[PDB]
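Shown here is one chain on its own, the form deposited in one PDB entry, set out as structure tokens.
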């Protein structure tokens, strides 16, 4: 009957998706059935898609994730054999917010700021940026921000000194990966009113 689709080819295309194409098999295929799954998963966790043309876009995938996939053809007699297996990884996406900020009071003018890695890295985190400045009683910034680039992603703690005694400050931490910077995690803190 129908032969196996030939030259299966895949490539990341856009956000959370993969363009998977192949060469129609000898004979008269009426369509194609694609099976794909996260690399490492049992085919029991595979997803099934149909297509009338020799290509298909796999969507709603996880970012920076490895996928495996194969395709077979079907016609009047039934389904033919599956093509060989191809693998492909999805593009990165900016990380989510870092974990909630934690503060240790070293003195009336110094604090240690720490944070957990974002719940969703969506890639490989290469840095963090800490920003902070004075805010009024309504928590509104009233002066320029101070920014510190953290080059070592494992160093999720920063000592901040020379802070104005008994004044509230707004602190934020944002993370970067291959796709760029993500949203910021925020906290309003006054070292004088901390436990």
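Positions refer to the first chain, counted from 1. Whichever C-alpha set is largest while still superposing within 1.5 Å between the two forms counts as the rigid core.
One more form of this protein exists, namely the form deposited in another entry; it is left out here, but the text below deals with it.
Peer 1: Residue 133: CA shift of at least 2 Å between the shown form and the other one after core fit?
Peer 2: False for residue 133: its C-alpha shift is below 2 Å.
Peer 1: Given a superposition on the rigid core, I'd like a yes or no on whether residue 154 shifts its C-alpha by 2 Å or more between the shown form and the other one.
Peer 2: Residue 154: C-alpha displaced by 2 Å or more between the shown form and the other one.
Peer 1: Could you check, with the core superposed, whether the Cα atom of residue 114 shifts 2 Å or more between the shown form and the other one?
Peer 2: It does not reach a 2 Å shift.
Peer 1: Since the Cα-Cα distance for residue 120 and residue 149 shifts by 3 angstroms or more in the other entry, is it a contraction (closer) or an expansion (farther)?
Peer 2: Residue 120 and residue 149 sit farther apart in the other entry.
Peer 1: Can you confirm the direction of the Cα distance change for residue 90 and residue 150 in the other entry, closer or farther than in this form, given it is 3 Å or more?
Peer 2: More distant in the other entry, by 3 Å or more.
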